[PDB]
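Structure file work-v2.cif (mmCIF, C-alpha atoms and all ligand atoms) is printed below.
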```cif
data_work
#
loop_
_atom_site.label_atom_id
_atom_site.label_comp_id
_atom_site.auth_asym_id
_atom_site.auth_seq_id
_atom_site.Cartn_x
_atom_site.Cartn_y
_atom_site.Cartn_z
CA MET A 1 -0.05 -24.11 -19.54
CA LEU A 2 -0.72 -25.54 -16.01
CA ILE A 3 0.93 -28.82 -15.03
CA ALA A 4 0.73 -30.73 -11.77
CA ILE A 5 3.34 -33.25 -10.73
CA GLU A 6 1.89 -35.99 -8.55
CA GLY A 7 3.04 -39.13 -6.74
CA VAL A 8 3.58 -40.73 -3.32
CA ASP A 9 5.98 -39.44 -0.63
CA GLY A 10 9.54 -40.14 -1.71
CA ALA A 11 8.66 -40.65 -5.39
CA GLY A 12 11.11 -37.76 -6.19
CA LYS A 13 8.63 -35.21 -7.51
CA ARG A 14 10.74 -32.23 -6.67
CA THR A 15 13.64 -33.60 -8.77
CA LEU A 16 11.20 -34.12 -11.68
CA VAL A 17 9.85 -30.56 -11.24
CA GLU A 18 13.42 -29.19 -11.54
CA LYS A 19 14.30 -31.43 -14.50
CA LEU A 20 11.12 -30.38 -16.29
CA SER A 21 11.67 -26.72 -15.45
CA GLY A 22 15.10 -26.85 -17.08
CA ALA A 23 13.70 -28.67 -20.15
CA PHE A 24 10.99 -26.08 -20.67
CA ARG A 25 13.44 -23.20 -20.29
CA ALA A 26 15.84 -24.87 -22.77
CA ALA A 27 12.86 -24.93 -25.16
CA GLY A 28 12.46 -21.16 -24.77
CA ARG A 29 9.54 -21.22 -22.31
CA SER A 30 9.28 -19.22 -19.10
CA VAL A 31 8.47 -21.32 -16.02
CA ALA A 32 7.17 -20.69 -12.50
CA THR A 33 6.63 -23.34 -9.82
CA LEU A 34 4.67 -23.67 -6.58
CA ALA A 35 4.62 -26.61 -4.08
CA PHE A 36 1.73 -27.83 -1.91
CA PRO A 37 0.94 -28.05 0.89
CA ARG A 38 2.17 -24.51 1.66
CA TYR A 39 3.56 -25.35 5.05
CA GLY A 40 4.62 -22.17 6.93
CA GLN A 41 2.22 -19.96 4.90
CA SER A 42 -1.18 -21.53 5.13
CA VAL A 43 -2.56 -22.08 8.60
CA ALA A 44 -4.93 -24.79 7.29
CA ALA A 45 -1.91 -26.66 5.90
CA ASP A 46 0.02 -26.29 9.18
CA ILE A 47 -2.89 -27.57 11.32
CA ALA A 48 -3.27 -30.59 8.97
CA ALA A 49 0.45 -31.45 9.23
CA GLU A 50 0.29 -31.01 12.96
CA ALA A 51 -2.75 -33.29 13.07
CA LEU A 52 -0.83 -35.99 11.19
CA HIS A 53 1.71 -35.79 14.06
CA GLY A 54 -1.04 -36.41 16.64
CA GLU A 55 -1.91 -32.81 17.60
CA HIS A 56 -5.42 -31.32 17.51
CA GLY A 57 -7.22 -34.22 19.18
CA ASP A 58 -9.33 -36.49 16.91
CA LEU A 59 -8.87 -34.28 13.75
CA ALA A 60 -6.67 -36.79 11.82
CA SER A 61 -9.30 -39.46 12.40
CA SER A 62 -11.49 -37.83 9.74
CA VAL A 63 -10.42 -38.34 6.13
CA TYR A 64 -12.80 -35.65 4.93
CA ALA A 65 -11.62 -33.11 7.55
CA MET A 66 -7.99 -33.58 6.51
CA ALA A 67 -9.06 -33.30 2.87
CA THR A 68 -10.90 -30.09 3.65
CA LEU A 69 -7.83 -28.51 5.23
CA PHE A 70 -5.60 -29.27 2.27
CA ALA A 71 -8.37 -27.98 -0.04
CA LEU A 72 -8.54 -24.68 1.89
CA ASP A 73 -4.77 -24.36 1.56
CA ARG A 74 -4.86 -24.75 -2.23
CA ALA A 75 -7.97 -22.49 -2.52
CA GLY A 76 -6.05 -19.77 -0.70
CA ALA A 77 -3.53 -19.85 -3.55
CA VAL A 78 -6.13 -19.69 -6.33
CA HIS A 79 -5.25 -16.11 -7.29
CA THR A 80 -1.51 -16.77 -7.11
CA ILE A 81 -2.01 -19.73 -9.49
CA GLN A 82 -4.12 -17.65 -11.93
CA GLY A 83 -1.51 -14.88 -11.66
CA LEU A 84 1.35 -17.25 -12.53
CA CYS A 85 -0.66 -18.68 -15.41
CA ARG A 86 -0.90 -15.14 -16.85
CA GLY A 87 2.77 -14.35 -16.24
CA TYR A 88 4.51 -17.50 -17.41
CA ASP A 89 4.37 -19.87 -20.37
CA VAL A 90 4.37 -22.91 -18.06
CA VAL A 91 3.32 -23.20 -14.44
CA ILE A 92 4.37 -26.39 -12.58
CA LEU A 93 2.72 -27.40 -9.31
CA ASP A 94 4.51 -29.87 -7.05
CA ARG A 95 1.27 -31.59 -5.87
CA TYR A 96 -2.20 -30.26 -6.60
CA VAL A 97 -5.80 -31.33 -6.28
CA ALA A 98 -5.22 -35.00 -7.28
CA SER A 99 -3.11 -35.46 -4.16
CA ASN A 100 -6.34 -35.02 -2.16
CA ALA A 101 -8.29 -37.46 -4.37
CA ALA A 102 -5.58 -40.20 -4.19
CA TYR A 103 -4.81 -39.97 -0.45
CA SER A 104 -8.50 -39.63 0.46
CA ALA A 105 -9.68 -42.61 -1.65
CA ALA A 106 -6.69 -44.73 -0.57
CA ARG A 107 -7.50 -44.01 3.10
CA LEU A 108 -11.18 -44.89 2.62
CA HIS A 109 -10.38 -47.97 0.55
CA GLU A 110 -12.26 -46.47 -2.40
CA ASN A 111 -11.35 -46.41 -6.05
CA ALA A 112 -10.94 -43.37 -8.32
CA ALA A 113 -14.60 -43.81 -9.38
CA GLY A 114 -15.63 -43.60 -5.70
CA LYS A 115 -17.30 -40.93 -3.58
CA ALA A 116 -14.22 -39.16 -2.09
CA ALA A 117 -12.53 -38.63 -5.45
CA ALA A 118 -15.76 -37.12 -6.84
CA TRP A 119 -16.19 -34.95 -3.70
CA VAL A 120 -12.66 -33.57 -4.12
CA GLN A 121 -13.53 -32.44 -7.68
CA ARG A 122 -16.78 -30.77 -6.56
CA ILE A 123 -15.17 -28.99 -3.64
CA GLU A 124 -11.83 -27.91 -5.14
CA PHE A 125 -12.53 -27.38 -8.82
CA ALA A 126 -16.25 -26.46 -8.84
CA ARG A 127 -16.90 -24.89 -5.40
CA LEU A 128 -13.49 -23.35 -4.53
CA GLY A 129 -12.82 -22.45 -8.18
CA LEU A 130 -9.33 -23.95 -8.54
CA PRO A 131 -8.36 -24.26 -12.20
CA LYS A 132 -8.11 -27.75 -13.70
CA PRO A 133 -4.58 -28.58 -14.78
CA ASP A 134 -3.85 -29.01 -18.50
CA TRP A 135 -1.72 -32.03 -17.57
CA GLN A 136 -1.25 -34.15 -14.46
CA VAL A 137 2.02 -36.10 -14.39
CA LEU A 138 2.21 -39.08 -12.10
CA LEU A 139 5.72 -40.05 -11.05
CA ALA A 140 5.35 -43.76 -10.29
CA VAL A 141 8.33 -45.47 -8.68
CA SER A 142 8.91 -48.93 -7.11
CA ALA A 143 9.51 -47.39 -3.69
CA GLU A 144 10.20 -44.07 -2.04
CA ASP A 168 2.79 -46.27 6.49
CA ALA A 169 3.85 -48.56 3.60
CA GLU A 170 0.54 -50.35 2.86
CA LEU A 171 -1.22 -46.98 2.59
CA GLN A 172 1.58 -45.38 0.56
CA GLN A 173 1.45 -48.35 -1.89
CA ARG A 174 -2.39 -48.21 -2.11
CA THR A 175 -2.21 -44.43 -2.69
CA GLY A 176 0.30 -45.06 -5.52
CA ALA A 177 -2.23 -47.45 -7.10
CA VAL A 178 -5.20 -45.06 -6.77
CA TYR A 179 -3.03 -42.41 -8.37
CA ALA A 180 -2.53 -44.77 -11.35
CA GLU A 181 -6.26 -45.30 -11.46
CA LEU A 182 -6.83 -41.50 -11.57
CA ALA A 183 -4.37 -41.35 -14.50
CA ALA A 184 -6.15 -44.23 -16.28
CA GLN A 185 -9.56 -42.57 -15.88
CA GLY A 186 -8.36 -39.06 -16.86
CA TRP A 187 -9.52 -37.68 -13.50
CA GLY A 188 -9.68 -33.87 -13.76
CA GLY A 189 -8.08 -33.93 -17.22
CA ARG A 190 -5.27 -35.57 -19.16
CA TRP A 191 -2.46 -37.38 -17.43
CA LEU A 192 0.86 -38.99 -18.19
CA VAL A 193 2.50 -41.67 -16.04
CA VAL A 194 6.29 -41.50 -15.92
CA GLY A 195 9.11 -43.32 -14.17
CA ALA A 196 12.25 -42.30 -12.26
CA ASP A 197 14.46 -42.06 -15.37
CA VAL A 198 12.04 -40.30 -17.71
CA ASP A 199 13.78 -38.02 -20.22
CA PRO A 200 12.72 -34.48 -19.30
CA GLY A 201 13.47 -33.12 -22.76
CA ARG A 202 11.08 -35.67 -24.27
CA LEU A 203 8.50 -35.17 -21.58
CA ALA A 204 8.52 -31.34 -22.08
CA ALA A 205 7.93 -31.72 -25.86
CA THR A 206 5.00 -34.04 -25.08
CA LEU A 207 3.49 -31.59 -22.57
CA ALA A 208 4.07 -28.43 -24.71
CA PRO A 209 1.15 -27.43 -26.99
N1 LIG B 301 -0.99 -32.01 -0.92
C1 LIG B 301 -1.64 -32.77 -0.33
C2 LIG B 301 -2.35 -33.73 0.44
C3 LIG B 301 -1.80 -34.66 1.25
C4 LIG B 301 -0.35 -34.75 1.33
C5 LIG B 301 0.43 -33.68 1.71
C6 LIG B 301 1.81 -33.77 1.78
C7 LIG B 301 2.43 -34.95 1.47
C8 LIG B 301 3.91 -35.01 1.57
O1 LIG B 301 4.59 -34.21 2.22
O2 LIG B 301 4.40 -36.05 0.85
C9 LIG B 301 1.67 -36.04 1.09
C10 LIG B 301 0.29 -35.94 1.02
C11 LIG B 301 -2.66 -35.52 1.99
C12 LIG B 301 -3.99 -35.40 1.88
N2 LIG B 301 -4.54 -34.47 1.06
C13 LIG B 301 -3.82 -33.60 0.32
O3 LIG B 301 -4.34 -32.77 -0.41
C14 LIG B 301 -4.87 -36.24 2.67
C15 LIG B 301 -6.20 -36.36 2.36
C16 LIG B 301 -7.02 -37.16 3.12
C17 LIG B 301 -6.51 -37.83 4.20
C18 LIG B 301 -5.19 -37.70 4.52
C19 LIG B 301 -4.73 -38.45 5.67
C20 LIG B 301 -5.25 -38.39 7.04
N3 LIG B 301 -4.34 -39.48 7.64
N4 LIG B 301 -3.46 -40.00 6.68
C21 LIG B 301 -3.75 -39.38 5.61
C22 LIG B 301 -4.35 -36.91 3.75
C23 LIG B 301 -2.90 -36.75 4.10
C24 LIG B 301 -2.04 -36.54 2.88
MG MG B 302 -14.67 -47.31 2.35
#
```

Go through the file and emit its structure as structure tokens.
Ligand SMILES: N#Cc1c(-c2ccc(C(=O)O)cc2)c2c([nH]c1=O)-c1cccc(-c3cn[nH]c3)c1CC2
Ligand SMILES: [Mg+2]
Amino acid sequence: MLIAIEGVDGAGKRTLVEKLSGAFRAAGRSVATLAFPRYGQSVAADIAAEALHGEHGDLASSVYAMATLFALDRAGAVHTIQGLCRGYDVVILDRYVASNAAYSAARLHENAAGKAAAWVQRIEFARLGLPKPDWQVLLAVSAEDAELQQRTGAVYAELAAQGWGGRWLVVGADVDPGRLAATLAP
């Protein structure tokens, strides 16, 4: 099974990934995890981060250019992902393709039915061949650029409501990981 944990910066995704990992292992399931972006490994990722800090000229001024970089990072891990899916009962990704759809649409003031979110699916899933996750879990919290972070949180909820890329669950800060694992497990 392939699961992506999503949410805005500060939501506490990593804590949820660890909680869930423990829950799955307590249920007798092997688990592997991977986090995106792969800063320090993927040059496309590193350039994107650097661009967010003002390097690389006008790069960060293009939503679609930034999206393309994070897509190339994930696409570089496509075989690692498929490997882990063969080797483990459950694979948990701390961010995945929906991160690109939510941040891109939020930046363009589009909704989850808009052009950027559709483009992300065509490029990452169809073109670059990334596997669709069995489940996408949105961690939605009251609080972790604030206006943008809040709008991204909302677009994320819209992706969950529409079933963008597959089935989702929306969870809060105090979700019971034992219960959540039983829900996610086939
Ligand atoms: N993974 C991922 C991922 C991320 C992302 C990475 C790390 C964190 C973190 O460390 O919390 C948070 C988010 C982003 C985008 N796309 C992705 O795929 C994306 C997509 C379009 C535009 C922009 C943008 C350009 N100016 N402002 C925003 C972005 C930036 C954020
Ligand atoms: Mg627009």

Counting all atoms listed in the file, the option among A:201, A:76, A:131, A:114 closest to ligand MG 302 (chain B):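 Nearest to ligand MG 302 (chain B): A:114.
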
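Nearest to ligand MG 302 (chain B) of all the residues A:108, A:52, A:113, A:81 is A:108, based on only C-alpha atoms and all ligand atoms.
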
Residue neighbourhood residue 3 in chain A, 6 Å, only C-alpha atoms, exclusion window fewer than 4 positions, as a PyMOL selection string: chain A and resi 92+133-136

Quick one: what's the axis-aligned box for ligand LIG 301 (chain B), all listed atoms, 3 Å on every side, centre and edges in Å to one decimal, as AutoDock Vina command-line options?
```
--center_x -1.2 --center_y -36.0 --center_z 3.4 --size_x 17.6 --size_y 14.0 --size_z 14.6
```

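With distances restricted to only C-alpha atoms, A:90 is the closest residue to residue 22 in chain A from A:138, A:90, A:183, A:106.
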
Residue neighbourhood residue 175 in chain A, 10 Å, only C-alpha atoms, exclusion window fewer than 5 positions, as a ChimeraX atom specification: /A:7-9,99,101-107,109,111,169-170,180-181

Hey, can you spit out that residue selection with C-alpha atoms as a PDB file, in the frame of the given file?
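Final output, saved to result_9.pdb:
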```pdb
ATOM      1  CA  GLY A   7       3.040 -39.130  -6.740  1.00  0.00           C
ATOM      2  CA  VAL A   8       3.580 -40.730  -3.320  1.00  0.00           C
ATOM      3  CA  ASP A   9       5.980 -39.440  -0.630  1.00  0.00           C
ATOM      4  CA  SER A  99      -3.110 -35.460  -4.160  1.00  0.00           C
ATOM      5  CA  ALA A 101      -8.290 -37.460  -4.370  1.00  0.00           C
ATOM      6  CA  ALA A 102      -5.580 -40.200  -4.190  1.00  0.00           C
ATOM      7  CA  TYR A 103      -4.810 -39.970  -0.450  1.00  0.00           C
ATOM      8  CA  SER A 104      -8.500 -39.630   0.460  1.00  0.00           C
ATOM      9  CA  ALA A 105      -9.680 -42.610  -1.650  1.00  0.00           C
ATOM     10  CA  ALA A 106      -6.690 -44.730  -0.570  1.00  0.00           C
ATOM     11  CA  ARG A 107      -7.500 -44.010   3.100  1.00  0.00           C
ATOM     12  CA  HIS A 109     -10.380 -47.970   0.550  1.00  0.00           C
ATOM     13  CA  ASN A 111     -11.350 -46.410  -6.050  1.00  0.00           C
ATOM     14  CA  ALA A 169       3.850 -48.560   3.600  1.00  0.00           C
ATOM     15  CA  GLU A 170       0.540 -50.350   2.860  1.00  0.00           C
ATOM     16  CA  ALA A 180      -2.530 -44.770 -11.350  1.00  0.00           C
ATOM     17  CA  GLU A 181      -6.260 -45.300 -11.460  1.00  0.00           C
TER      18      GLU A 181
END
```

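Residues in contact range of residue 50 in chain A, defined as at most 12 Å between only C-alpha atoms, with sequence neighbours fewer than 4 positions away removed, read residues 39, 40, 43, 44, 45, 46, 54, 55, 56, 57, 58, 59, 60, 66 and 69 of chain A.
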
Separation of atom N1 of ligand LIG 301 (chain B) from CA of residue 70 in chain A in Å: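 So the answer is 6.2 Å.
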
Between CA of residue 94 in chain A and CA of residue 116 in chain A - distance in Å to one decimal: 21.5 Å

Shell of 12 Å around residue 137 in chain A, only C-alpha atoms, local chain residues under 3 positions omitted, as a VMD selection string: chain A and resid 2 to 7 13 16 to 17 20 92 to 96 98 to 99 133 to 134 140 179 to 180 182 to 184 186 to 195 198 200 203 to 204 206 to 207

A:202, A:29, A:174, A:19 ranked by distance to ligand LIG 301 (chain B), top pick (using all atoms listed in the file): A:174

Option closest in space to ligand MG 302 (chain B), from A:172, A:71, A:63, A:185 [counting only C-alpha atoms and all ligand atoms]: A:63

Selected residue, from A:28, A:209, A:12, A:37, that lies nearest to ligand LIG 301 (chain B) when counting only C-alpha atoms and all ligand atoms: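 Closest to ligand LIG 301 (chain B), using only C-alpha atoms and all ligand atoms: A:37.
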
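Our summary of the geometry notes that CA of residue 84 in chain A is positioned 26.6 Å from CA of residue 10 in chain A.
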